[PDB]
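Here is what each chain is made of, one letter per residue.
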Protein chains: 2
Amino acid sequence: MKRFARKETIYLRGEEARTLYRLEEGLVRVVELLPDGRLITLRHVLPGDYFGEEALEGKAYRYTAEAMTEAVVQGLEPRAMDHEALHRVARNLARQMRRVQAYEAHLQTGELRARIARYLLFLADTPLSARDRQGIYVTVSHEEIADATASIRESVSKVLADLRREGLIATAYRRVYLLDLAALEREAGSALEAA
Amino acid sequence: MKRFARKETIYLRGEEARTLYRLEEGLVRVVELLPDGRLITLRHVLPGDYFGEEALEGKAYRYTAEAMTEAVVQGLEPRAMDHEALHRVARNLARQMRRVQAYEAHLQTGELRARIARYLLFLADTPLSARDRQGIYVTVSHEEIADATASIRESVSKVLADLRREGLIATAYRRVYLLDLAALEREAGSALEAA
């Protein structure tokens, strides 16, 4: 077991894939740095999910895994898993395949405004969410939203300003408060697979 | 074992996921029909790949699987797999996860022209490819290219017309001949994971 702080990486693209990991607590994003400098979120790893999947098939990781919150991960030796462990891995990888394909569709469904609303609602069901008197909120940056909505930070910031002005969200202390869930749901249209 | 003809579906979104499948021959695409009528290719299933993955985790398929060529598939009972089978499934799902994330990145890397060149080169390494005197070719429609390049058919057709005029490709009998591989590689920039 090993703990990681927000923004620390669990593994990097191109490095030896000797270890398979299972996320115990927190939220991890698998990302790719594009030719033009853009960082793109490929998928979200949630508690219970196996990642560093390359350890099961290749020699090196193909992507980089970054903790989005304080995260607790368990390293595992692929070659030392029993029948029961393999069953859990197969079932969980199947669930992540369902989720990443849904995420893929989301990136191509609706204008930016709808994609942002959908992503915020998705995050509301992850370890990135919390609640207080002001309401439900998610701790995420404008850049991270851009990374998961096929857009750039400047465009995300503009839509967030619109949503603030309209009363759907509020921002404070690196958080995005979801003030009108019903309105956000309508903006997103279809929800994004949270489990 | 069961054989499917091009365009026939192996399973449909929302139907009971009682069966896990392994593609023996041919090429299958997993797709989603979007709200606005758009069909989107979520991933490519190649010989050896397990699909209908929902049978390992849920009660119903979440997407639709369509044969892109004559395809031979083997149905499997998830609950009847031994240690060796589970190992193969885990390893293969890990490989498909690597490939679908690379596909995801491709959809957001470069202008349409580069995305089309990249997709054509990817297909050149699948069962959709063949060769004759005119050269290497891939049997694919303009619509299928649009479905896998985050674009619409009209836009794909225009770029293909440009590529024909420039000599990079030629078209005939529902095929796209790749005449200048070097030029296409340069257009694509980065290659798309073929295995």
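Parameters and conventions
Residues numbered from 1 in each chain as written, not as in the entry; some residues may be left out. Chains lettered and ligands numbered in written order. Heavy atoms only, no water. Pairing = 2+ DSSP bridges. Helix = DSSP H or I, 4+ residues; strand = E, 2+ residues; numbered from the N terminus. Axes fitted to C-alpha atoms, helices over the stretch in contact; angles between N-to-C directions. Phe/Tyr/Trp six-rings, centres within 6.5 Å; stacked < 30°, edge-to-face > 60°. Buried < 20%, exposed > 50% of the residue type's maximum accessible area, 1.4 Å probe, protein only. UniProt positions renumbered as here; feature names shortened; annotations may be inferred. Contact = heavy atoms within 4.5 Å. Least-squares fit on C-alpha atoms. Expected span 1.5 Å × (residues − 1). Domains from an automatic or database assignment. Buried area = accessible area lost by both parts, 1.4 Å probe. Salt bridge = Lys/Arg side-chain N within 4 Å of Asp/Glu carboxyl O.

Enquirer: Can you walk me through the sheet that holds strand β4 (residues 28-33) of chain A in this structure?
Expert: Pairing between the strands of a sheet comes from backbone hydrogen bonds, and it takes one of two forms, parallel or antiparallel. All names here are of chain A. Across the sheet, which stays open at both edges, the four strands sit in the order β2-β7-β4-β5 with antiparallel pairing between neighbours. Each end of this open sheet is capped by a strand with a single partner; those strands are β2 (9-11) and β5 (39-45). Ignoring which end each strand starts from, the neighbouring axes of this sheet average 35 degrees apart. Sheet analysis places β4 next to strand β7 (residues 64-67), joined by four bridges and oriented antiparallel. What sits directly across from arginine 29, in β7, is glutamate 66.

Enquirer: Is there a simple way to explain the packing of aromatic side chains in this structure?
Expert: Any aromatic ring pair is given by two values, namely how distant the centres are and how the planes are angled relative to each other. Applying the stated criterion to the full structure yields twelve aromatic pairs over all chains. Their ring planes at 35 degrees and their centres at 6.0 Å tell us that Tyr11(B) and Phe51(B) sit as a pair that is tilted. In this pair, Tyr11(B) sits in strand β2 (residues 9-11) while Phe51(B) sits in strand β6 (residues 50-51), placing the two residues 40 residues apart along the sequence. The class of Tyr11(B) is buried, set by a relative accessible area of 4%. Ring plane angle 35 degrees and centroid distance 5.7 Å describe the contact between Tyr21(B) and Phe51(B), whose orientation is recorded as tilted. Of this pair, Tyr21(B) sits in strand β3 (residues 20-25) while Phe51(B) sits in strand β6, and the two are 30 residues apart along the sequence. Residue classification places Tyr21(B) among the buried residues on the basis of a relative accessible area of 15%. On the basis of relative accessible area, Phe51(B) is assigned to the buried category, the value being 0%. By the ring-pair criterion, three or more aromatic residues cluster together here, those being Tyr11(A), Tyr21(A), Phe51(A) and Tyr61(A).

Enquirer: Explain the UniProt feature "DNA-binding region" in chain A to me, please; I cannot follow it from the model alone.
Expert: UniProt records the feature "DNA-binding region" for residues 142-161 of chain A in the present numbering. Between the first and last C-alpha atoms of residues 142-161 of chain A the distance is 11 Å; the span itself is 75% helix and 0% strand.

Enquirer: In this structure, what is going on with the environment of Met81(A)? I would like to understand it.
Expert: One can find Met81(A) in the loop between β8 (71-76) and α1 (83-107). Considering only alpha carbons, one finds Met81(A) and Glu16(A), 65 residues apart in sequence, at a separation of 20 Å. Residues in contact with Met81(A), not counting those within four places in the same chain, are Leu20(A), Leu56(A), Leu86(A), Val89(A) and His83(B).

Enquirer: Help me out: how do you make sense of the relation of the copies chain A and chain B in this one?
Expert: The two chain copies are related to each other by a rotation about an axis together with a translation along it. In the superposition of chain A on chain B (RMSD 0.0 Å, axial shift 0.0 Å), the rotation amounts to 180 degrees. Those values place the two copies in the arrangement expected of a two-fold rotation axis. Of the residues that chain A buries at the interface, 100% are likewise interface residues in chain B, meaning the two copies contact each other through the same surface.

Enquirer: Quick question: what am I supposed to make of helix α2 (residues 112-123) of chain B here?
Expert: For an α-helix, 3.6 residues make a turn, and residues three or four places apart therefore share a direction. Residues and elements named next belong to chain B. Between its first and last C-alpha atoms α2 spans 16 Å; for twelve residues at 1.5 Å apiece the expected length is 16 Å, and the two agree. Among the twelve residues of α2, eleven are classified as buried, and the element is accordingly described as predominantly covered. Along α2, the residues that are buried comprise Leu112, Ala114, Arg115, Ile116, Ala117, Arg118, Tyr119, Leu120, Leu121, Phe122 and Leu123.

Enquirer: Looking at this model, I keep getting lost on the domain arrangement of chain A. Mind explaining?
Expert: A common measure of how large an interface is: the accessible area buried when the components associate. Residue and element names in this part refer to chain A. Splitting chain A by domain gives domain 1 (1-110) and domain 2 (111-195). The centre of domain 1, based on its C-alpha atoms, is set 23 Å off from the matching centre of domain 2. Every contact between the two is made by 21 residues of domain 1 and, on the other side, 21 residues of domain 2. Both faces combined, the contact of domain 1 with domain 2 buries some 1,800 Å², and carbon together with sulfur accounts for 58% of it. For the domain 1 face of the interface with domain 2, the top three residues by lost area are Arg6, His106 and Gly110, together amounting to 27%. Scanning the region where domain 1 abuts domain 2 turns up four salt bridges.

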